[PDB]
Amino acid sequence: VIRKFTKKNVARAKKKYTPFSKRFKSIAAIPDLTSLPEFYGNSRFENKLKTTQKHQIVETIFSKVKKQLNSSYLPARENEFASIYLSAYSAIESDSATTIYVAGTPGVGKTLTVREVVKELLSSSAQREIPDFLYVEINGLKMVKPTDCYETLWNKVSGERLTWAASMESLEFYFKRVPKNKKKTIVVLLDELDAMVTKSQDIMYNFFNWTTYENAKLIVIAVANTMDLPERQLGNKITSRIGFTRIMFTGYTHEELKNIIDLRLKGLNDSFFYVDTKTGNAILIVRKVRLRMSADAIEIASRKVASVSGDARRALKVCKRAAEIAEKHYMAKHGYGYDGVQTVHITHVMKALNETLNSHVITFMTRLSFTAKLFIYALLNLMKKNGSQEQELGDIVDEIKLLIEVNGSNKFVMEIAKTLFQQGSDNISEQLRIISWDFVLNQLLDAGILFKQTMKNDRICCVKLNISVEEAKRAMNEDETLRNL
Amino acid sequence: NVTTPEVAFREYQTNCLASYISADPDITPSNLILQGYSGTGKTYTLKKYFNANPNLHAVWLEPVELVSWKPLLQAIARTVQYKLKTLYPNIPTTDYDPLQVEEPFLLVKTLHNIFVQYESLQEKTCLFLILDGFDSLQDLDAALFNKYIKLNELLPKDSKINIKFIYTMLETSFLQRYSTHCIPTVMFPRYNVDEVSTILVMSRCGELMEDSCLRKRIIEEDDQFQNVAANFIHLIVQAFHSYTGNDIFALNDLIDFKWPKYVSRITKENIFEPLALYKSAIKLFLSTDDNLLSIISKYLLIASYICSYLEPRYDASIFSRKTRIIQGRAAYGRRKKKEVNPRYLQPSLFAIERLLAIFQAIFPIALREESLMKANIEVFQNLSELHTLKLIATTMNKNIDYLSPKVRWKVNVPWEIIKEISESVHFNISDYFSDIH
Amino acid sequence: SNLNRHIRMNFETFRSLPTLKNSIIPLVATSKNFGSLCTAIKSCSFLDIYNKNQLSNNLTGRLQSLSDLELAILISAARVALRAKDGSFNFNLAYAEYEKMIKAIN
DNA sequence: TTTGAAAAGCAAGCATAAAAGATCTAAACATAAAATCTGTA
Ligand SMILES: Nc1ncnc2c1ncn2[C@@H]1O[C@H](COP(=O)(O)OP(=O)(O)OP(=O)(O)O)[C@@H](O)[C@H]1O
Ligand SMILES: Nc1ncnc2c1ncn2[C@@H]1O[C@H](COP(=O)(O)OP(=O)(O)OP(=O)(O)O)[C@@H](O)[C@H]1O
Ligand SMILES: [Mg+2]
Ligand SMILES: [Mg+2]
């Protein structure tokens, strides 16, 4: 049989097709799923990334500081914690199904608070004030396909591996028809909810409609970017089912960020270390060296980050970058390689904060060649005369030619005109483009300085500035030649 | 350790190929481009260079045959491993299927799996892949060549087999799209008239001498035979270089078309003097010679041209020939003659009823005879046939509804065909355009 | 020196060391002995030949390869496009301009 | 034989239909590995 095409790279999962609704004779024949071995969850890759170390690696004084400020390793989230814990505890205790909506900007401690609520609920269930529950965590951005959530949650409930439609009907039958005394409470965290939004909103409606079912015993904690995500991207059914009591995670104030950073650096700030002067390795309790990071530097970093975002990740990274800058200067001045008072100062914090604020666009255009600068200058002249914000490339060609032939008494132009139009050579004819014309055009397109229209006619194709005009002029005002003309 | 061949007008290009292509992967670029327009000797120079150096391992691929990017990847995967089997037959290998490659990373994985099984070799060698005509791919986009520039970076550095790419390009703008990559490029400028004359002589005199026609016109009626062949090639170039430009292929085709008719006028008097033979066969050097409906349909096409190249306001002046009972004034016609020459522009759009009105105005002709022409079913059948023949076009080309009033009509044929059509039925269509320009 | 002049030309036009390397490599490779290499690096004439070849398929070099009839048709089409407002033309108007030009020449 | 006067032609300007096409999607057509259903055995 001769095949019209071949699919020779098919990788099919071993997932079954029969849903949960057809594996028992009736509703009254379903056994107690709590007393089942595969149901409700009743790591093999960790050995593969281990090797033998044959060098004693030198950890300086700032190494413990930089390891301390990592996001992987709650003074300011106590009302959000109380609200989420009260709602989840009341839904677990009363065998109720509910939705808890949480939204906020990045890094304001939403996932951390939800996980701490879940850990405290598990601690409460361990000592038997609430019935036992299953915890499922589904991130919408960690799914290859959005329907994989259907494959994930059911696999966490029954231990079976099914396809997504069969998993969806299995979850529907489990939430609607299975009695509450026969099942267990399930708390599901939906993280990055905007990634679970499809064109038809099947998954959103299903997940928030299962919470309206009597027998479901399902608690859905939905974590999102904004308050008005259902009112913008979801229908009125899903917006009605999510509810009206929505939990805001506002950005941190500077006191809260300062308290977070001080609670990180609680045991190592204003402390003493044993440091070997020949190598630089530091041991917490040969010179006794006193480590401090100043509270004024942390304070103003907290004030700047809190004014910008309120992001705890940004504040921790600014402090870690300041520690990295101080450690780089320390290892430079002490001659320390890789195998009395050390202070992370305020100037390091201000160097860390300004490094993402300095703009390399003007610095990049300042160090370009003369022909790229001449291109930019001629484009600025065309934008000055005809005022279009989009100039044809042939107009730029004729404006470059005009600027060369008018300032023909300028000494630099007299020295460089043969370079632009003959590459400094006899036996090379007078060219219609300058030397490195498409080179600087593609260079400015690669940098994102310009936008070029997709046309095959080189003259009437238009080119637009992608950056602001005053920084381009500023960069043109630094040069000694283009200032004169 | 490279032999440099001798190409007659490509010395710089051959020296550049000797500079860039070598058996050492340590001093060979990953990518090399040969850019030039058609008939500039790119393929010829590359074949002579690789024939002069048989130690170089080259794989020749033609992307014009492969058409799309997926058969190009599959062809690379097939031909690389076929060349590696025919190069080192004592190496145990696993035959990977070239149809396993549907994506570029699959090509990277397949090439890695092929190349790791040749690590028993002693010296690092180059495998040259010539993509002769990369921008002749019929499914070409701007992002495809970027995937081939960076392909060596995803392959292992310490391999014994080190793949090197040699690209051939036609268009200058396609090459200038990738100028910031700084790929070494050798350019092949177009030949001038003396160069193409010399190339044509030394590439075609050997088979013009040994043609059976030239050896049958002598017997039935070798330096002098070469003189006749070279004089014919020079006469063809002198007559038709203005027509062909500097195209080798067009002059080759003209030599092929005009050689037997030139042989058929060579007598025993014309063989020893070239001027009398040129006067005898003069007609081959003045012209290139490179070439190969019902009455209702013809008048419908003529009426379509009238509807497409006249204005509807002037129709009441040209075709109206009826006696008036109710008092009324006929149209005066256009006031001044414009100079636009409307037959040089694209045709305008007209409706069905204007077409049928002008058609019965121009169609050839007691109380029951009905002199004029009715728009019965065969006129509409002929019009539908004209639309089937693509002699009448619409604004829509697919999912056309013929019955919509928003569908308009235009003629699809030029003037040089309606002149023959109108003179085939003796209609004076040139009078209708004499009132303008 | 000529080498400093070519470095200065690259600095003003390309400011790219791979661009200079792509010309320096066949200067080194095409030399046959030590004295030829020394003369090549003292003169840098191969750099001029390389720069001429890099522009051989541009608009100027493509215009210089045209025949008389091709140049005449191109000038006629450019005349029709300059007279037109959209810069558009076809074969008929360009042939009319060519035919008028040939009658005014003859 | 004139004669004025209404039908008709030309031109500029602006609102607007319409062509051309860029972008995208649904559906027909096509393959294919794992699960599931018959069907004897
Ligand atoms: N209240 C807090 N106390 C201490 N550290 C905190 C606090 N809030 C946030 N952090 C730190 O910031 C990191 C990021 O927080 P988290 O992952 O909870 O953010 P998020 O609000 O869910 O943001 P995103 O929308 O990007 O997912 C945490 O891993 C932790 O290191
Ligand atoms: N320098 C030359 N010396 C001798 N013959 C030549 C020369 N250049 C070209 N020819 C002849 O003309 C033919 C056309 O050359 P070739 O196929 O190399 O052109 P090309 O530039 O690769 O064309 P294309 O882009 O159309 O593939 C050659 O096959 C050969 O017969
Ligand atoms: Mg989070
Ligand atoms: Mg070729």
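The record names cryo-EM as the way this model was obtained, at a resolution of 2.7 Å.

Asks: Honestly, the interface of chain B and chain C in this entry has me stumped. Any pointers?
Replies: Every contact between the two is made by 26 residues of chain B and, on the other side, 27 residues of chain C. Sorting the residues of chain B by area buried against chain C places B:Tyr12, B:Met187 and B:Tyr344 first, and these three jointly supply 29% of that buried surface. On the surface where chain B and chain C come into contact, there are zero salt bridges. Linking chain B with chain C are 12 residue pairs in polar contact, by the criterion used here.

Asks: How should the pairing of strand β12 (residues 462–465) of chain A be read in this particular structure?
Replies: In the case of a regular strand, side chains alternate between the two sheet surfaces. All names here are of chain A. Pairing geometry for strand β10 (residues 391–392) and β12, over two bridges, is antiparallel. By the bridge assignment, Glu392 is partnered in β12 with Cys462. In the sheet, strand β11 (residues 450–452) pairs with β12 via three bridges, with the strands oriented antiparallel. Residue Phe451 lies in a different strand from β12, and its bridge partner there is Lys464.

Asks: What is the right way to read the site of ligand 1 from this model?
Replies: Residue and element names in this part refer to chain A. Near ligand 1 you find 18 residues, and of these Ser71, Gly107, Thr111, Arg264 and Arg313 are the closest. Backbone polar atom of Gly109 to an oxygen atom of ligand 1: 3.0 Å apart, as the coordinates give it. Taking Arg313, its side chain carries an N or O atom lying 2.6 Å from an oxygen atom of ligand 1. For ligand 1, whose free accessible area comes to 640 Å², the fraction covered by protein is 87%. Going through the elements one at a time, α3 (110–126), α9 (254–264) and α11 (312–334) are the ones with two or more residues in the shell around ligand 1. Ranked by the residues each element gives to the shell around ligand 1, the list is headed by α3, at three residues. Class assignment for the residues of the shell around ligand 1 results in eight nonpolar, five polar and five charged.

Asks: Just checking my understanding: could you explain the interface of chain A and chain C for this structure?
Replies: Often, the extent of an interface is quoted as the loss of accessible area on bringing the components together. With 22 residues of chain A in contact, the opposing surface of chain C contributes 17 residues. The three residues of chain A that bury the most area against chain C are A:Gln423, A:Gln431 and A:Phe439, which together make up 28% of that side's buried surface. Our count for the chain A to chain C interface comes out at zero salt bridges. For the interface between chain A and chain C, the tally reads 10 residue pairs in polar contact. A class-by-class count of the residues in the side of chain A that touches chain C yields nine nonpolar, 10 polar and three charged.

Asks: Just checking my understanding: could you explain the site of ligand 2 for this structure?
Replies: Residues and elements named next belong to chain B. Residues in close proximity to ligand 2 total 14 residues, the closest being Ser38, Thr40, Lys42, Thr43 and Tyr44. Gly41 is positioned with one of its backbone polar atoms (N or O) 3.1 Å from an oxygen atom of ligand 2. A distance of 2.7 Å is found between an oxygen atom of ligand 2 and a backbone nitrogen or oxygen belonging to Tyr44. Burial of ligand 2 by the surrounding chains reaches 76%, relative to a free accessible area of 630 Å². Looking at the shell around ligand 2, the elements that each hand over two or more residues are α2 (42–52) and α8 (193–209). If one sorts the elements of the shell around ligand 2 by residue count, α2 sits on top with three residues.

Asks: When you look at the packing of aromatic side chains in this model, what are you seeing that I'm missing?
Replies: In total, this model carries 53 aromatic pairs over all chains according to the counting rule given. Between B:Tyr305 and B:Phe433, the aromatic rings sit 5.9 Å apart at their centres with planes inclined by 80°, giving edge-to-face as the arrangement. The class for B:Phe433 is buried, based on a relative accessible area of 3%. Through successive ring pairs, a cluster of aromatic residues spans A:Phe20, A:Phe24, A:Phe39, A:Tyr40, A:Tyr150, A:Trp154, A:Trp164, A:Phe173, A:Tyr174, A:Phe175, A:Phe207 and A:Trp210. Above the ring of A:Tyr205, the side-chain terminus of A:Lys237 is found at 4.9 Å from the ring centroid.

Asks: What am I meant to see in the protein's contact with DNA strand D here?
Replies: As a structural note, the neighbourhood of DNA strand D is formed by 23 residues, with A:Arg3, A:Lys4, A:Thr18, B:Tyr314 and B:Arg335 the closest of them. For DNA strand D, the fraction of atoms within 4 Å of the protein that belong to sugar or phosphate moieties is 80%. A distance of 2.7 Å is found between a phosphate oxygen of DNA strand D and a side-chain nitrogen or oxygen belonging to A:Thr18. When the residues that make up the surface near DNA strand D are grouped by side-chain class, the tally is seven nonpolar, four polar and 12 charged.

Asks: Would you mind going over the state of the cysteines with me for this structure?
Replies: As used in these notes, a disulfide is a covalent bond between sulfur atoms, one from each of two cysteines. All names here are of chain B. Applying the stated criterion to the full structure yields zero disulfides over all chains. The structure places no disulfide on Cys182, whose sulfur is separated from the nearest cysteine sulfur, that of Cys16, by 16 Å. Its relative accessible area of 15% is what places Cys182 among the buried residues.

Asks: Please explain the UniProt feature "binding site: ATP" in chain B as it appears in this structure.
Replies: All names here are of chain B. Here, the residues flagged by UniProt with the feature "binding site: ATP" are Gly36, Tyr37, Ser38, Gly39, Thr40, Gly41, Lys42 and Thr43. Within the fold, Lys42 resides in helix α2. Other than its neighbours up to four places away in sequence, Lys42 contacts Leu34, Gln35, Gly36, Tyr37, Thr168, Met169, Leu170 and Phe188. A distance of 3.2 Å separates a polar atom in the side chain of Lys42 from the backbone oxygen of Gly36. Summarising the element assignment, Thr43 is placed in helix α2. Under the relative-accessibility criterion, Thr43 is labelled partly exposed at 35%.

Asks: Got a minute to help me understand the sheet that holds strand β2 (residues 133–139) of chain A in this structure?
Replies: Two pairing modes exist for strands in a sheet, parallel and antiparallel, and in both the strands are linked by backbone hydrogen bonds. Residues and elements named next belong to chain A. Strand order across the open sheet formed by five strands is β2-β3-β4-β1-β5, with parallel pairing between neighbours. The open sheet has two free edges, formed respectively by β2 and β5 (246–249), since each of these has just one partner strand. Sheet twist, expressed as the average angle between the axes of neighbouring strands with direction ignored, equals 15°. The sheet strands contacting helix α2 (residues 79–93) are β1 (98–104), β2, β3 (185–191), β4 (218–224) and β5, and the helix crosses β5 at an angle near 150°.

What counts and how
Residues numbered from 1 in each chain as written, not as in the entry; some residues may be left out. Chains lettered and ligands numbered in written order. Part of a larger assembly, values for the part shown. Heavy atoms only, no water. Contact = heavy atoms within 4.5 Å. Buried area = accessible area lost by both parts, 1.4 Å probe. Salt bridge = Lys/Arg side-chain N within 4 Å of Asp/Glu carboxyl O. Polar contact = N/O pair within 3.5 Å; in protein donor to acceptor, adjacent residues only side chain to side chain. Pairing = 2+ DSSP bridges. Helix = DSSP H or I, 4+ residues; strand = E, 2+ residues; numbered from the N terminus. Near = heavy atom within 4 Å. Areas by Shrake-Rupley, 256 points an atom, 1.4 Å probe, with all protein chains shown as cover. Nonpolar A, V, L, I, M, F, W, Y, C, P; charged D, E, K, R; others polar. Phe/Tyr/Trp six-rings, centres within 6.5 Å; stacked < 30°, edge-to-face > 60°. Buried < 20%, exposed > 50% of the residue type's maximum accessible area, 1.4 Å probe, protein only. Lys NZ or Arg CZ within 6 Å of the ring centre and 35° of its normal. Disulfide = S-S within 2.5 Å. UniProt positions renumbered as here; feature names shortened; annotations may be inferred. Axes fitted to C-alpha atoms, helices over the stretch in contact; angles between N-to-C directions.

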